[PDB]
$ cat upload.txt   # compact mmCIF, C-alpha atoms
# COMPACT_ATOMS: atom_id res chain seq x y z
CA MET A 1 -30.66 17.83 -34.28
CA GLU A 2 -27.84 16.32 -32.19
CA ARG A 3 -24.80 17.18 -30.07
CA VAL A 4 -21.30 15.80 -29.59
CA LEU A 5 -20.03 14.48 -26.22
CA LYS A 6 -16.49 13.68 -25.14
CA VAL A 7 -16.38 10.67 -22.87
CA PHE A 8 -13.13 9.68 -21.25
CA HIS A 9 -12.38 6.01 -20.59
CA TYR A 10 -9.73 3.40 -19.74
CA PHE A 11 -9.64 1.33 -22.91
CA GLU A 12 -5.90 1.53 -23.62
CA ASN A 13 -4.64 3.21 -26.83
CA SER A 14 -1.12 4.02 -28.13
CA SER A 15 -1.09 7.62 -26.82
CA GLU A 16 -1.17 9.63 -23.56
CA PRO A 17 -3.41 7.94 -20.88
CA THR A 18 -5.09 11.33 -20.13
CA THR A 19 -6.32 11.49 -23.78
CA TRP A 20 -8.17 8.12 -23.77
CA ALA A 21 -11.63 9.22 -24.80
CA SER A 22 -14.39 8.72 -27.33
CA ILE A 23 -16.28 11.45 -29.10
CA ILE A 24 -19.87 10.35 -29.68
CA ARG A 25 -22.91 12.08 -31.22
CA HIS A 26 -26.17 12.00 -29.26
CA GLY A 27 -29.70 12.89 -30.20
CA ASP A 28 -32.50 13.98 -27.97
CA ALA A 29 -33.78 10.40 -27.57
CA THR A 30 -30.42 8.95 -26.46
CA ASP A 31 -30.03 7.69 -22.89
CA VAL A 32 -26.99 7.00 -20.76
CA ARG A 33 -27.21 3.24 -21.40
CA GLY A 34 -27.02 4.06 -25.11
CA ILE A 35 -23.76 5.98 -24.76
CA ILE A 36 -22.17 3.26 -22.63
CA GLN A 37 -23.30 0.42 -24.86
CA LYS A 38 -22.12 2.32 -27.94
CA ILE A 39 -18.64 2.75 -26.50
CA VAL A 40 -18.11 -0.67 -24.89
CA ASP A 41 -19.34 -2.39 -28.04
CA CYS A 42 -16.51 -0.82 -30.09
CA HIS A 43 -14.02 -2.48 -27.74
CA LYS A 44 -15.70 -5.96 -27.65
CA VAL A 45 -16.69 -5.91 -23.98
CA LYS A 46 -18.57 -8.90 -22.64
CA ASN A 47 -19.47 -7.54 -19.18
CA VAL A 48 -21.55 -4.59 -20.42
CA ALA A 49 -23.55 -4.32 -17.15
CA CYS A 50 -20.46 -3.46 -15.08
CA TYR A 51 -20.05 -0.01 -16.65
CA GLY A 52 -21.55 3.33 -15.67
CA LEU A 53 -21.04 7.01 -16.50
CA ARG A 54 -19.61 9.47 -13.96
CA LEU A 55 -19.92 13.24 -14.37
CA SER A 56 -17.40 15.41 -12.54
CA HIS A 57 -17.07 19.13 -12.27
CA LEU A 58 -13.41 19.83 -12.95
CA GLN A 59 -13.21 22.60 -10.31
CA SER A 60 -15.20 21.15 -7.39
CA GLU A 61 -14.91 17.59 -6.06
CA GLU A 62 -18.63 16.87 -6.53
CA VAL A 63 -19.42 13.77 -8.55
CA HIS A 64 -22.64 12.67 -10.21
CA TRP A 65 -23.25 9.20 -11.59
CA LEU A 66 -25.71 9.44 -14.46
CA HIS A 67 -28.50 6.88 -14.30
CA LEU A 68 -28.84 4.45 -17.21
CA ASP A 69 -32.45 5.39 -17.98
CA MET A 70 -31.72 9.16 -18.01
CA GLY A 71 -31.63 11.03 -21.30
CA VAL A 72 -28.27 12.44 -22.27
CA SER A 73 -29.63 15.73 -23.57
CA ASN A 74 -31.85 16.10 -20.52
CA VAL A 75 -29.04 15.56 -18.06
CA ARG A 76 -26.47 17.57 -20.00
CA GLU A 77 -28.82 20.56 -20.18
CA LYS A 78 -29.37 20.46 -16.43
CA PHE A 79 -25.68 20.47 -15.54
CA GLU A 80 -24.84 23.05 -18.23
CA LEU A 81 -27.11 25.57 -16.51
CA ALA A 82 -24.85 25.43 -13.47
CA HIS A 83 -21.46 25.52 -15.21
CA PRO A 84 -20.34 25.71 -18.84
CA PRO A 85 -19.46 22.59 -20.93
CA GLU A 86 -15.66 22.87 -20.67
CA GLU A 87 -15.78 22.52 -16.85
CA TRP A 88 -17.60 19.15 -16.93
CA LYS A 89 -15.91 15.80 -17.45
CA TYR A 90 -17.83 12.73 -18.54
CA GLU A 91 -15.94 9.47 -18.00
CA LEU A 92 -17.01 5.87 -18.52
CA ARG A 93 -16.10 3.70 -15.52
CA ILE A 94 -16.60 0.24 -14.10
CA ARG A 95 -18.87 0.65 -11.07
CA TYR A 96 -20.93 -2.54 -10.70
CA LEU A 97 -18.67 -5.51 -9.95
CA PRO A 98 -19.73 -9.15 -10.09
CA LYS A 99 -18.79 -11.64 -7.34
CA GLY A 100 -15.30 -12.91 -8.12
CA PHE A 101 -14.89 -9.91 -10.41
CA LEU A 102 -11.15 -10.30 -10.97
CA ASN A 103 -11.46 -13.99 -11.85
CA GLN A 104 -14.34 -13.17 -14.15
CA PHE A 105 -12.68 -10.31 -15.97
CA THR A 106 -9.92 -12.80 -16.78
CA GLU A 107 -12.28 -14.10 -19.47
CA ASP A 108 -12.75 -10.53 -20.83
CA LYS A 109 -9.41 -8.81 -21.43
CA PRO A 110 -10.75 -5.40 -22.55
CA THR A 111 -12.61 -5.15 -19.24
CA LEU A 112 -9.74 -6.51 -17.13
CA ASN A 113 -7.49 -3.88 -18.65
CA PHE A 114 -10.12 -1.16 -18.32
CA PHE A 115 -10.52 -1.98 -14.63
CA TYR A 116 -6.75 -2.12 -14.15
CA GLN A 117 -6.29 1.27 -15.78
CA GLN A 118 -9.21 2.87 -13.93
CA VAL A 119 -7.89 1.67 -10.56
CA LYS A 120 -4.22 2.45 -11.32
CA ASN A 121 -5.28 5.90 -12.37
CA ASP A 122 -7.15 6.31 -9.06
CA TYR A 123 -4.13 4.99 -7.10
CA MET A 124 -1.67 7.42 -8.74
CA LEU A 125 -4.07 10.30 -8.11
CA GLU A 126 -5.14 9.64 -4.50
CA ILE A 127 -2.64 7.64 -2.48
CA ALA A 128 0.57 6.80 -4.40
CA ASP A 129 2.39 9.69 -2.73
CA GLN A 130 1.65 8.33 0.74
CA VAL A 131 1.78 4.57 0.34
CA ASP A 132 4.91 2.66 1.44
CA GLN A 133 8.02 2.94 -0.72
CA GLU A 134 8.10 -0.89 -1.13
CA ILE A 135 4.51 -0.80 -2.44
CA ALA A 136 5.01 2.20 -4.72
CA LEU A 137 8.05 0.39 -6.16
CA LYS A 138 6.26 -2.93 -6.69
CA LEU A 139 3.15 -1.41 -8.30
CA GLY A 140 5.26 0.60 -10.72
CA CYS A 141 7.49 -2.33 -11.60
CA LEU A 142 4.40 -4.42 -12.31
CA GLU A 143 3.21 -1.79 -14.78
CA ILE A 144 6.61 -1.78 -16.46
CA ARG A 145 6.36 -5.59 -16.67
CA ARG A 146 2.87 -5.48 -18.14
CA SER A 147 3.54 -2.51 -20.39
CA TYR A 148 6.80 -3.88 -21.82
CA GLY A 149 5.34 -7.36 -22.03
CA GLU A 150 7.79 -8.68 -24.63
CA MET A 151 10.94 -7.35 -22.91
CA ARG A 152 13.40 -9.83 -21.36
CA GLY A 153 13.43 -10.54 -17.63
CA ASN A 154 16.83 -8.94 -16.90
CA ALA A 155 16.56 -6.25 -19.55
CA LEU A 156 16.62 -3.52 -16.82
CA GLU A 157 20.04 -4.71 -15.57
CA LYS A 158 21.39 -3.11 -18.77
CA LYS A 159 21.89 0.59 -17.84
CA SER A 160 20.90 1.72 -21.34
CA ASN A 161 17.42 0.15 -21.01
CA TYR A 162 16.78 1.70 -17.64
CA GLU A 163 17.99 5.00 -19.15
CA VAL A 164 15.19 4.89 -21.72
CA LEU A 165 12.71 4.78 -18.84
CA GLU A 166 14.55 7.52 -16.99
CA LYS A 167 15.05 9.99 -19.86
CA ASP A 168 12.80 9.20 -22.85
CA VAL A 169 9.63 7.81 -21.24
CA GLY A 170 9.97 9.27 -17.74
CA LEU A 171 9.62 7.37 -14.49
CA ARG A 172 6.60 9.56 -13.72
CA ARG A 173 4.42 7.14 -15.75
CA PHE A 174 5.06 4.37 -13.16
CA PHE A 175 6.06 5.81 -9.77
CA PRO A 176 4.80 8.67 -7.55
CA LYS A 177 6.78 11.90 -7.38
CA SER A 178 7.32 11.57 -3.60
CA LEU A 179 9.18 8.35 -4.34
CA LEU A 180 11.17 9.92 -7.24
CA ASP A 181 12.06 13.12 -5.32
CA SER A 182 13.53 11.29 -2.32
CA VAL A 183 16.27 8.68 -3.08
CA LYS A 184 19.09 9.37 -5.61
CA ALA A 185 18.80 8.63 -9.37
CA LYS A 186 21.48 5.95 -8.90
CA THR A 187 19.88 4.34 -5.77
CA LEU A 188 16.43 4.41 -7.35
CA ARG A 189 17.81 2.50 -10.33
CA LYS A 190 19.14 -0.24 -8.07
CA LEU A 191 15.79 -0.38 -6.25
CA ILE A 192 13.81 -0.65 -9.45
CA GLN A 193 16.18 -3.19 -11.04
CA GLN A 194 16.06 -5.29 -7.89
CA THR A 195 12.27 -4.99 -7.29
CA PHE A 196 11.40 -5.73 -10.94
CA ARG A 197 13.44 -8.93 -10.65
CA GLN A 198 10.77 -10.60 -8.51
CA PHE A 199 8.15 -9.94 -11.21
CA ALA A 200 10.32 -10.51 -14.31
CA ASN A 201 8.69 -13.82 -15.14
CA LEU A 202 5.06 -12.51 -15.05
CA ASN A 203 2.86 -12.22 -18.15
CA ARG A 204 0.37 -9.39 -18.65
CA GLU A 205 -2.47 -11.05 -16.73
CA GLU A 206 -0.32 -12.24 -13.86
CA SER A 207 1.08 -8.72 -13.69
CA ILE A 208 -2.39 -7.11 -13.58
CA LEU A 209 -3.66 -9.56 -10.98
CA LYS A 210 -0.56 -9.22 -8.80
CA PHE A 211 -1.04 -5.44 -8.93
CA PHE A 212 -4.49 -5.81 -7.38
CA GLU A 213 -3.30 -8.33 -4.78
CA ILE A 214 -0.67 -5.83 -3.62
CA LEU A 215 -2.97 -2.79 -3.90
CA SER A 216 -6.06 -4.17 -2.12
CA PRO A 217 -4.66 -4.29 1.42
CA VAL A 218 -3.81 -0.57 1.24
CA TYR A 219 -6.46 0.84 -1.12
CA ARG A 220 -10.13 0.03 -1.48
CA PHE A 221 -11.34 -0.56 -5.09
CA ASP A 222 -13.91 -3.29 -4.50
CA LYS A 223 -16.71 -1.32 -2.84
CA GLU A 224 -18.04 2.16 -2.13
CA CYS A 225 -18.83 3.49 1.35
CA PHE A 226 -21.32 6.15 2.43
CA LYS A 227 -21.76 7.74 5.82
CA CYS A 228 -25.48 8.07 6.24
CA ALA A 229 -28.28 6.85 8.53
CA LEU A 230 -30.81 4.01 8.66
CA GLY A 231 -34.37 3.95 9.99
CA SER A 232 -37.72 5.61 9.32
CA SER A 233 -38.45 6.95 12.80
CA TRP A 234 -35.48 6.05 14.97
CA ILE A 235 -32.54 7.18 12.83
CA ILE A 236 -29.12 5.52 13.39
CA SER A 237 -25.82 6.73 11.92
CA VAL A 238 -23.72 4.17 10.05
CA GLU A 239 -21.22 3.80 7.26
CA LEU A 240 -22.80 1.67 4.54
CA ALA A 241 -20.61 -0.58 2.40
CA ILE A 242 -22.02 -1.50 -1.00
CA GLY A 243 -20.09 -3.99 -3.12
CA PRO A 244 -20.02 -7.49 -4.61
CA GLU A 245 -18.77 -9.48 -1.66
CA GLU A 246 -20.95 -7.81 0.96
CA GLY A 247 -23.96 -6.59 -0.98
CA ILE A 248 -25.47 -3.93 1.24
CA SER A 249 -23.72 -3.82 4.59
CA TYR A 250 -22.56 -1.51 7.33
CA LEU A 251 -19.19 -0.93 8.97
CA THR A 252 -18.54 -1.23 12.70
CA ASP A 253 -14.88 -1.38 13.86
CA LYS A 254 -11.60 -0.61 12.17
CA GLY A 255 -10.45 -4.19 11.30
CA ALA A 256 -13.79 -5.97 11.82
CA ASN A 257 -15.72 -7.08 8.72
CA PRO A 258 -18.93 -5.32 7.39
CA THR A 259 -22.19 -6.56 8.92
CA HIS A 260 -24.56 -7.82 6.23
CA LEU A 261 -27.98 -6.24 5.72
CA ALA A 262 -29.18 -7.46 2.31
CA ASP A 263 -28.01 -8.93 -1.02
CA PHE A 264 -28.87 -7.10 -4.26
CA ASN A 265 -31.05 -9.93 -5.63
CA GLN A 266 -33.59 -9.22 -2.80
CA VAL A 267 -33.99 -5.53 -3.64
CA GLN A 268 -37.42 -5.09 -5.21
CA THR A 269 -37.60 -1.34 -5.67
CA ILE A 270 -35.54 1.81 -5.21
CA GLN A 271 -36.88 5.33 -4.62
CA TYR A 272 -35.20 8.56 -3.56
CA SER A 273 -36.41 12.04 -2.77
CA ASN A 274 -34.84 15.04 -1.00
CA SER A 275 -35.51 15.14 2.76
CA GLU A 276 -39.29 14.71 3.16
CA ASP A 277 -39.58 17.85 5.37
CA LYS A 278 -37.62 21.14 5.77
CA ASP A 279 -33.98 20.12 5.17
CA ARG A 280 -31.46 19.42 2.34
CA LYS A 281 -30.69 15.75 3.17
CA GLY A 282 -31.51 12.92 0.75
CA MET A 283 -33.92 10.10 1.57
CA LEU A 284 -33.40 6.74 -0.11
CA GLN A 285 -35.86 3.89 0.41
CA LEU A 286 -35.56 0.21 -0.55
CA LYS A 287 -38.22 -2.50 -0.64
CA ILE A 288 -36.50 -5.79 0.19
CA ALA A 289 -37.83 -9.32 -0.23
CA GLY A 290 -37.63 -11.01 3.16
CA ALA A 291 -37.70 -8.02 5.48
CA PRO A 292 -40.99 -6.69 6.93
CA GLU A 293 -40.10 -3.01 6.99
CA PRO A 294 -38.31 -1.32 4.05
CA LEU A 295 -34.74 -0.03 4.44
CA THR A 296 -34.99 3.75 4.83
CA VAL A 297 -31.64 5.48 4.30
CA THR A 298 -30.97 9.13 5.09
CA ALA A 299 -27.94 10.56 3.24
CA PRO A 300 -26.34 13.99 3.78
CA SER A 301 -27.48 15.34 0.39
CA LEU A 302 -29.79 14.56 -2.50
CA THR A 303 -26.68 14.18 -4.67
CA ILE A 304 -25.30 11.42 -2.46
CA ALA A 305 -28.73 9.71 -2.40
CA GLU A 306 -28.95 9.98 -6.22
CA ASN A 307 -25.50 8.39 -6.41
CA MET A 308 -26.33 5.63 -3.95
CA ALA A 309 -29.50 4.94 -5.94
CA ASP A 310 -27.47 4.48 -9.14
CA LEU A 311 -25.04 2.12 -7.43
CA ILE A 312 -27.67 -0.14 -5.99
CA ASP A 313 -29.81 -0.07 -9.12
CA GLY A 314 -26.79 -0.82 -11.30
CA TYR A 315 -26.05 -3.88 -9.11
CA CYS A 316 -29.70 -5.00 -9.24
CA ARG A 317 -29.58 -4.98 -13.04
CA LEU A 318 -26.36 -6.98 -12.89
CA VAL A 319 -27.44 -9.54 -10.32
CA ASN A 320 -30.69 -10.26 -12.13
CA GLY A 321 -30.46 -10.37 -15.90
CA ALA A 322 -32.17 -7.03 -16.11
CA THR A 323 -32.27 -4.02 -18.40
CA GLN A 324 -35.31 -2.43 -16.64
CA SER A 325 -34.51 0.03 -13.83
CA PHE A 326 -35.34 -0.85 -10.26
CA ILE A 327 -35.89 2.82 -9.42
CA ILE A 328 -39.49 3.94 -8.98
CA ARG A 329 -40.02 7.34 -10.64
CA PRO A 330 -43.14 9.54 -11.17
$ encode --input "upload.txt" --output "structure tokens"
Amino acid sequence: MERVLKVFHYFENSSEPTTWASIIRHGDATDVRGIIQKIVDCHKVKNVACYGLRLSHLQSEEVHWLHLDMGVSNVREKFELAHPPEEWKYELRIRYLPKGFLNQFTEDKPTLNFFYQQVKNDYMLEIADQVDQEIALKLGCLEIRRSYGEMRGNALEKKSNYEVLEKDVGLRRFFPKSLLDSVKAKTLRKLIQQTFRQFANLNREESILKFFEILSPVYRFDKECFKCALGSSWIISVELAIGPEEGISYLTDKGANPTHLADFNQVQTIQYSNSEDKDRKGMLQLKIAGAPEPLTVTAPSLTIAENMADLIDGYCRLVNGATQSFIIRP
């Protein structure tokens, strides 16, 4: 008949951030696009094409982005052979960013907030413990500012208000533990009071935008990179960068900008297979309007190639007005 699927997401709700999720039924005709659409529609999203679905095994670090055309029941059955349902996590995420994405999301608050929460969640989890103290302070203060959006500008100068954050809410919701564990409760207070002061005047949008401005120099959230190789006979190792500003590009130096290969609007088709020989690499091949030869990518695994295929295809849908896939199947 049908089955129920928990899908975590970053649409804010008056509860624990970990517990932001939607429980949706799915039949045996339902596809991934269906799920996404269903969920984003509830929250009045305008930029529907920006969103994708990422499957994670809770034990291992492996990550699989589910393709929009794929059936839910088909894909769920495949992964449930490997490991039981409780070990998988399905979470909705923004993966396919438009050019000027921040400025655009400004006209779509649910999405701007979703992106903010997704990225802030990734920050806290990956690098907050090893970013500068000044940065970890600022980014936390900005969340206070946004989160307590009605609060006065000097309200944290009043001990008792800071105390609510210390004791009732917990400073763990805003700052990394490394920051909290060094510095004394009384010196941290004076640092937070003082840091918050420079963002006291900001509204919720200004807060969210300032967050990104401060985060982007020290943490990448505007593209994905893959170490793989280009060429169909002479293979060359590179680190591809795929994102809005650069389209498909490759990295060279630390500090130097990506070198451009091709924009998404030129990509005509996408196909991927596992290494076309005796190996376990993943081949990914693109037909591109303008170039004579197609762009043959060799990734370290089929999983990475599958994931690269989703990324590019997702962007192709976005950049054109498309709902058809640009991935050639059988």
$ residues_around --input "upload.txt" --residues "stretch 111-114 of chain A" --least-positions-apart "2" --cutoff "10 Å" --atoms "all atoms listed in the file" --output "VMD selection string"
chain A and resid 9 to 12 40 43 to 48 50 to 51 92 to 94 101 to 109 116 to 120 204 to 205 208 to 209
$ write_last_selection --input "upload.txt" --atoms "C-alpha atoms" --output "tab-separated table (two decimals), in the frame of the given file"
chain	number	residue	atom	x	y	z
A	9	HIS	CA	-12.38	6.01	-20.59
A	10	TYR	CA	-9.73	3.40	-19.74
A	11	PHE	CA	-9.64	1.33	-22.91
A	12	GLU	CA	-5.90	1.53	-23.62
A	40	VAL	CA	-18.11	-0.67	-24.89
A	43	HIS	CA	-14.02	-2.48	-27.74
A	44	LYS	CA	-15.70	-5.96	-27.65
A	45	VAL	CA	-16.69	-5.91	-23.98
A	46	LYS	CA	-18.57	-8.90	-22.64
A	47	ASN	CA	-19.47	-7.54	-19.18
A	48	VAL	CA	-21.55	-4.59	-20.42
A	50	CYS	CA	-20.46	-3.46	-15.08
A	51	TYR	CA	-20.05	-0.01	-16.65
A	92	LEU	CA	-17.01	5.87	-18.52
A	93	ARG	CA	-16.10	3.70	-15.52
A	94	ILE	CA	-16.60	0.24	-14.10
A	101	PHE	CA	-14.89	-9.91	-10.41
A	102	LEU	CA	-11.15	-10.30	-10.97
A	103	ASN	CA	-11.46	-13.99	-11.85
A	104	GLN	CA	-14.34	-13.17	-14.15
A	105	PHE	CA	-12.68	-10.31	-15.97
A	106	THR	CA	-9.92	-12.80	-16.78
A	107	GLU	CA	-12.28	-14.10	-19.47
A	108	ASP	CA	-12.75	-10.53	-20.83
A	109	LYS	CA	-9.41	-8.81	-21.43
A	116	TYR	CA	-6.75	-2.12	-14.15
A	117	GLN	CA	-6.29	1.27	-15.78
A	118	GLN	CA	-9.21	2.87	-13.93
A	119	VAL	CA	-7.89	1.67	-10.56
A	120	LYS	CA	-4.22	2.45	-11.32
A	204	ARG	CA	0.37	-9.39	-18.65
A	205	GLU	CA	-2.47	-11.05	-16.73
A	208	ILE	CA	-2.39	-7.11	-13.58
A	209	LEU	CA	-3.66	-9.56	-10.98
$ closest_residue --input "upload.txt" --among "A:311, A:328, A:151, A:70" --to "residue A:287" --atoms "all atoms listed in the file"
A:328
$ residues_around --input "upload.txt" --residues "stretch 13-27 of chain A" --least-positions-apart "6" --cutoff "10 Å" --atoms "only C-alpha atoms" --output "compact mmCIF listing (two decimals) with C-alpha atoms, in the coordinates of the input"
# COMPACT_ATOMS: atom_id res chain seq x y z
CA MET A 1 -30.66 17.83 -34.28
CA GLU A 2 -27.84 16.32 -32.19
CA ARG A 3 -24.80 17.18 -30.07
CA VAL A 4 -21.30 15.80 -29.59
CA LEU A 5 -20.03 14.48 -26.22
CA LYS A 6 -16.49 13.68 -25.14
CA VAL A 7 -16.38 10.67 -22.87
CA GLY A 34 -27.02 4.06 -25.11
CA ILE A 35 -23.76 5.98 -24.76
CA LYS A 38 -22.12 2.32 -27.94
CA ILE A 39 -18.64 2.75 -26.50
CA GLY A 71 -31.63 11.03 -21.30
CA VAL A 72 -28.27 12.44 -22.27
CA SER A 73 -29.63 15.73 -23.57
CA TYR A 90 -17.83 12.73 -18.54
CA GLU A 91 -15.94 9.47 -18.00
CA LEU A 92 -17.01 5.87 -18.52
CA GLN A 117 -6.29 1.27 -15.78
CA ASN A 121 -5.28 5.90 -12.37
CA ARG A 173 4.42 7.14 -15.75
$ atom_distance --input "upload.txt" --atom1 "atom CA of residue A:231" --atom2 "atom CA of residue A:296"
5.2 Å
$ residues_around --input "upload.txt" --residues "residue A:172" --least-positions-apart "2" --cutoff "12 Å" --atoms "all atoms listed in the file" --output "PyMOL selection string"
chain A and resi 124+128-129+136-137+140+143-144+165-170+174-181
$ atom_distance --input "upload.txt" --atom1 "atom CA of residue A:288" --atom2 "atom CA of residue A:54"
26.8 Å
$ atom_distance --input "upload.txt" --atom1 "atom CA of residue A:215" --atom2 "atom CA of residue A:125"
13.8 Å
$ residues_around --input "upload.txt" --residues "residue A:142" --least-positions-apart "4" --cutoff "8 Å" --atoms "all atoms listed in the file" --output "short mmCIF file (atom, residue, chain, number, x, y, z; two decimals) with C-alpha atoms, in the frame of the given file"
data_model
loop_
_atom_site.label_atom_id
_atom_site.label_comp_id
_atom_site.auth_asym_id
_atom_site.auth_seq_id
_atom_site.Cartn_x
_atom_site.Cartn_y
_atom_site.Cartn_z
CA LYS A 138 6.26 -2.93 -6.69
CA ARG A 146 2.87 -5.48 -18.14
CA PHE A 196 11.40 -5.73 -10.94
CA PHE A 199 8.15 -9.94 -11.21
CA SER A 207 1.08 -8.72 -13.69
CA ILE A 208 -2.39 -7.11 -13.58
CA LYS A 210 -0.56 -9.22 -8.80
CA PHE A 211 -1.04 -5.44 -8.93
#
$ closest_residue --input "upload.txt" --among "A:263, A:127, A:164, A:268" --to "residue A:325" --atoms "all atoms listed in the file"
A:268
$ closest_residue --input "upload.txt" --among "A:251, A:286, A:155, A:36" --to "residue A:312" --atoms "only C-alpha atoms"
A:286
$ closest_residue --input "upload.txt" --among "A:267, A:261, A:248, A:241" --to "residue A:317" --atoms "only C-alpha atoms"
A:267
$ closest_residue --input "upload.txt" --among "A:52, A:244, A:294, A:321" --to "residue A:271" --atoms "all atoms listed in the file"
A:294
$ closest_residue --input "upload.txt" --among "A:80, A:122, A:134, A:246" --to "residue A:194" --atoms "all atoms listed in the file"
A:134
$ residues_around --input "upload.txt" --residues "residue A:67" --least-positions-apart "5" --cutoff "9 Å" --atoms "only C-alpha atoms" --output "list in words"
residues 31, 32, 33, 52, 53, 306, 307, 309, 310, 313 and 314 of chain A
$ axis_aligned_box --input "upload.txt" --around "stretch 96-115 of chain A" --padding-each-side "4 Å" --output "AutoDock Vina command-line options"
--center_x -14.2 --center_y -7.6 --center_z -14.9 --size_x 21.4 --size_y 20.9 --size_z 23.2
$ build_atoms --input "upload.txt" --residues "stretch 242-253 of chain A" --atoms "N, CA, C and O atoms" --output "tab-separated table (two decimals), in the frame of the given file"
chain	number	residue	atom	x	y	z
A	242	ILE	N	-21.28	-0.91	0.09
A	242	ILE	CA	-22.02	-1.50	-1.00
A	242	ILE	C	-21.02	-2.02	-2.01
A	242	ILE	O	-20.23	-1.26	-2.56
A	243	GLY	N	-21.04	-3.33	-2.23
A	243	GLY	CA	-20.09	-3.99	-3.12
A	243	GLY	C	-20.47	-5.44	-3.35
A	243	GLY	O	-21.44	-5.93	-2.77
A	244	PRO	N	-19.70	-6.14	-4.19
A	244	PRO	CA	-20.02	-7.49	-4.61
A	244	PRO	C	-20.00	-8.50	-3.49
A	244	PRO	O	-20.88	-9.35	-3.40
A	245	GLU	N	-18.98	-8.43	-2.65
A	245	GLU	CA	-18.77	-9.48	-1.66
A	245	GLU	C	-19.79	-9.34	-0.54
A	245	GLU	O	-20.24	-10.33	0.02
A	246	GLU	N	-20.16	-8.11	-0.24
A	246	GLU	CA	-20.95	-7.81	0.96
A	246	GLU	C	-22.37	-7.34	0.65
A	246	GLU	O	-23.18	-7.17	1.55
A	247	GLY	N	-22.67	-7.12	-0.62
A	247	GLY	CA	-23.96	-6.59	-0.98
A	247	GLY	C	-24.15	-5.25	-0.31
A	247	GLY	O	-23.31	-4.37	-0.43
A	248	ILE	N	-25.24	-5.11	0.42
A	248	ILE	CA	-25.47	-3.93	1.24
A	248	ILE	C	-25.14	-4.27	2.67
A	248	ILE	O	-25.68	-5.22	3.23
A	249	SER	N	-24.24	-3.50	3.27
A	249	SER	CA	-23.72	-3.82	4.59
A	249	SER	C	-23.35	-2.56	5.32
A	249	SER	O	-23.34	-1.48	4.72
A	250	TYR	N	-23.01	-2.67	6.59
A	250	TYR	CA	-22.56	-1.51	7.33
A	250	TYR	C	-21.32	-1.80	8.14
A	250	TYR	O	-21.14	-2.91	8.64
A	251	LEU	N	-20.46	-0.80	8.27
A	251	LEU	CA	-19.19	-0.93	8.97
A	251	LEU	C	-19.38	-0.74	10.46
A	251	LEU	O	-20.30	-0.03	10.88
A	252	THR	N	-18.51	-1.35	11.25
A	252	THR	CA	-18.54	-1.23	12.70
A	252	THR	C	-17.18	-0.77	13.25
A	252	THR	O	-17.03	0.40	13.60
A	253	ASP	N	-16.21	-1.69	13.34
A	253	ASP	CA	-14.88	-1.38	13.86
A	253	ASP	C	-13.92	-1.18	12.71
A	253	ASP	O	-14.16	-1.63	11.59
